[PDB]
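Chain A is the first sequence line, chain B the second, and so forth, proteins listed ahead of strands; every chain is numbered from 1.
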Amino acid sequence: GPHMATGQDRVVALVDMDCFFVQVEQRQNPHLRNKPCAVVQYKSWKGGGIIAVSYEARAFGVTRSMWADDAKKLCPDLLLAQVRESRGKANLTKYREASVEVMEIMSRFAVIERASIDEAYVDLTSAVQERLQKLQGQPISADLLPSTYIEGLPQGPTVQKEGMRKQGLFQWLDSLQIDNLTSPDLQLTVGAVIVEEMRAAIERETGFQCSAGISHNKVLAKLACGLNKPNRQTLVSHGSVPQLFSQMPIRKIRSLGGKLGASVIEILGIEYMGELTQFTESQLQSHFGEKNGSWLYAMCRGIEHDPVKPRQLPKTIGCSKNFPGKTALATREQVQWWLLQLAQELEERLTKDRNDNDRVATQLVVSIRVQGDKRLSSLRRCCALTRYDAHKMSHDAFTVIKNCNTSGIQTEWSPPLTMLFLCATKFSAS
DNA sequence: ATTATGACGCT
DNA sequence: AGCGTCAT
Ligand SMILES: Nc1ncnc2c1ncn2[C@H]1C[C@H](O)[C@@H](COP(=O)(O)OP(=O)(O)OP(=O)(O)O)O1
Ligand SMILES: [Ca+2]
Ligand SMILES: [Mn+2]
């Protein structure tokens, strides 16, 4: 009862860019705006691989991971923008720089945690408190929430989508108790007002649209964000959780989309997140471990305590390339040339990072894959990163991997390498 | 031949 | 440390 924690202590948002790489290309090339279009990397093999898809193109069934030649079968008028190639490889610099544009705007409102190239968590608890006091107990007008959905509403006692949105928003606002400054529902609502402001700022200052989730923790905020995309935001209240989770496949919750989630389903014989409430914490810990068990017990009740970490910059800077099928590297000269290409991109990015962010990487991680292994990485080795010099880094990378070569002949490389990966890690202030 | 990343957990 | 998982 009264001592039962409800995980309503924080206001957390997740802001995620809509079809991000496509918007970056659409800003650059107005011919692509408001069109079925996708971003592709490489081209020779099956037209290139799609990595981002506009919502117009999704209507035709175009998806990520599709070959462009195959996407064209679904959508003959599909427009394409290609990822830049430098030093023989895809180069994602344009999108990383566009990401920084957005992250720096978000950071004006609150502490953010960079969660991917196109999304960040926001801890809005303090900002909400401040806005609540400037608000002096006045009601919140629907006009302040023009793109907000309230998950679970409307309910009870109609045709258009925007009509439904407003109906639900009005039910929510009509029920709000605005003279309690510690009401979690009110806090979420004020959070949503701030996120409208944040999203407007992002669009005004970059041209990019985004969606957002507002809830009491990161997992619910992420889930919320996806419920109404694109260009909308969704508030998931604590009270909405039992109905929301009652038909929510376990795999939809962040961290449960893989083997652990499959094991929860198989071992317990359930399908939906809500069904987890019928197990004791000890039961869940017995199957999934102490940490996962406790996390699942709380999470299926809408409760999670993972903090929004104050980190805007990536912790590592890496460069990787696959060499599939017959392109697998089979000579020492090949392996060395590509290590140099990777190292040259890495040096460029590291040198910029040092100037921008007052830090230096101190460790170089080298990873490779060998033909026939279908693990992502076959082998990882580290060495000291003491100078931002591509020839040195590529020589050092070669040194730590050269013994992987089972070939008798020095020139030849066996078994052929199907992936190379250089990663700069362990940053120190500089 | 579903590529190029990036964070965090386990032992 | 080196490997595995999950993610976008
Ligand atoms: N598996 C991947 N491989 C390479 N790049 C990816 C992959 N997944 C995502 N990206 C890139 C391209 C995306 O535009 C960008 C952001 O990803 P993501 O948020 O999942 O989708 P999205 O922004 O393209 O559309 P959405 O509107 O559904 O969020 O990151
Ligand atoms: Ca996105
Ligand atoms: Mn994303």
Polar side chain donor-acceptor pair, [X] to [Y], under 3.5 angstrom:
X	Y	value
A/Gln285	A/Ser294	yes
A/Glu151	A/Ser240	no
A/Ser211	A/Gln233	no
A/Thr234	A/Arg232	no
A/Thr418	A/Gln371	no
A/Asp373	A/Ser378	yes

Worksheet item: Could you walk me through whether A/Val236 and A/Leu227 pass the side-chain contact (heavy atoms from CB on, under 4.5 Å) check?
Response: CA-CA 10 Å; A/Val236 164; A/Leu227 293 179; 4.1 Å; yes
Whether the side chain of [X] engages the backbone of [Y] through a donor-acceptor N/O pair (distance < 3.5 Å, no angle test) should be reported.
X	Y	value
A/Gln171	A/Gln167	no
A/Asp123	A/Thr125	yes
A/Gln283	A/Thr280	yes
A/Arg381	A/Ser367	no
A/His238	A/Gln8	no
A/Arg311	A/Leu313	yes
A/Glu113	A/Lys309	yes
A/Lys218	A/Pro307	yes
A/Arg27	A/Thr206	yes
A/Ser394	A/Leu339	no

(request) Could you list all the salt bridge (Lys or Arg N to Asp or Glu O under 4.0 Å) pairs where at least one residue sits in residues 124-138 of chain A, not counting sequence neighbours? (result)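 Listed by first then second residue: A/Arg131-A/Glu197.
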Point to revise | Whether over 12 other heavy atoms sit under 6.0 Å from A/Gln155 CD | key: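 No.
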Is it the case that atom CD in A/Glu162 sees more than 12 heavy atoms from other parts of the structure closer than 6.0 Å?
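Atom CD in A/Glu162 is crowded, with more than 12 foreign heavy atoms closer than 6.0 Å.
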Below 4.0 angstrom, N of the basic side chain to O of the carboxylate: do [X] and [Y] qualify?
X	Y	value
A/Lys352	A/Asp356	yes
A/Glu345	A/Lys89	yes
A/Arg87	A/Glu348	yes
A/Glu205	A/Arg108	yes
A/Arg387	A/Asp389	no
A/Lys392	A/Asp396	yes
A/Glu119	A/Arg114	no
A/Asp18	A/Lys229	yes

Interatomic distance, [X] atom [atom1] to [Y] atom [atom2] [nearest 0.5 angstrom]:
X	Y	atom1	atom2	answer
A/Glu347	A/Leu422	CD	CG	12.0 Å
A/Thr182	A/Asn180	OG1	CG	4.0 Å
A/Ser54	A/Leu78	OG	CG	7.5 Å
A/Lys43	A/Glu85	NZ	CD	10.0 Å
A/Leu220	A/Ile303	CG	CD1	9.5 Å
A/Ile214	A/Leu124	CD1	CG	8.0 Å

Partner of A/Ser147 by side-chain hydrogen bond (donor to acceptor under 3.5 Å, both in side chains), out of A/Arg165, A/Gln209, A/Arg199:
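Passing option: A/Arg199.
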Grab the two heavy atoms, one from [X] and one from [Y], that are nearest each other, plus how far apart they are.
X	Y	value
A/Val53	A/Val22	N-CG2, 3.7 Å
A/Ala90	A/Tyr42	N-OH, 3.0 Å
A/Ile253	A/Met248	CD1-CG, 3.6 Å
A/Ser99	A/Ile117	OG-O, 2.6 Å
A/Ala120	A/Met103	CB-SD, 3.8 Å
A/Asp306	A/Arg254	OD2-NH1, 4.4 Å

Exercise. What do the steps show when you test A/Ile178 against A/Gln138 for side-chain contact (heavy atoms from CB on, under 4.5 Å), and what is the final call?
Worked result: CA-CA 7 Å; A/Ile178 43 81; A/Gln138 50 220 30; over 6 Å; no
query: Can you check side-chain contact (heavy atoms from CB on, under 4.5 Å) on A/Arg354 and A/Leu350, steps first, answer last?
result: CA-CA 6 Å; A/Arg354 186 177 61 199; A/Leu350 280 177; over 6 Å; no
| task | Identify whether NZ of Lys or CZ of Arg in A/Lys166 sits under 6.0 Å from the centre of the six-membered ring of A/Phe170 and within 45° of that ring's axis. | result |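 Negative - A/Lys166 is either too far from the ring of A/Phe170 or too far off its axis.
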Would you verify whether the NZ or CZ of A/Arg301 falls within 45 degrees of the ring axis of A/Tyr297 while also being under 6.0 Å from that six-membered ring's centre?
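The answer is yes; both the distance and angle limits are met.
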request  = Could you list all the ring-ring contact (aromatic ring centres under 6.0 Å, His included) pairs where at least one residue sits in residues 82-123 of chain A, not counting sequence neighbours?
outcome  =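 Those involving residues 82-123 of chain A are A/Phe21-A/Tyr95.
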Between A/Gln28 and A/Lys94, is the side chain to side chain donor-acceptor pair (under 3.5 Å) condition met? List the steps.
CA-CA 11 Å; A/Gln28 189 180 320; A/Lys94 187 195 302 184; 2.8 Å; yes
Which side chain to side chain donor-acceptor pair (under 3.5 Å) pairs, counting each pair once, include a residue from residues 183-192 of chain A, with sequence neighbours left out?
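Counting only pairs at least two positions apart or across chains, the side chain to side chain donor-acceptor pair (under 3.5 Å) contacts touching residues 183-192 of chain A are A/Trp172-A/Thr189.
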Verdict with supporting geometry, A/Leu173 and A/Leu145, side-chain contact (heavy atoms from CB on, under 4.5 Å): CA-CA 10 Å; A/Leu173 293 177; A/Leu145 296 163; 4.2 Å; yes
Can you confirm whether or not the ring centre of A/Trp295 sits under 6.0 Å from the ring centre of A/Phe288?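 No; A/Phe288 has its ring centre 6.0 Å or more from that of A/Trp295.
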query = Are any of the side-chain heavy atoms of A/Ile317 and A/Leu346 separated by less than 4.5 Å?
reply =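 Touching, per the 4.5 Å side-chain cut-off.
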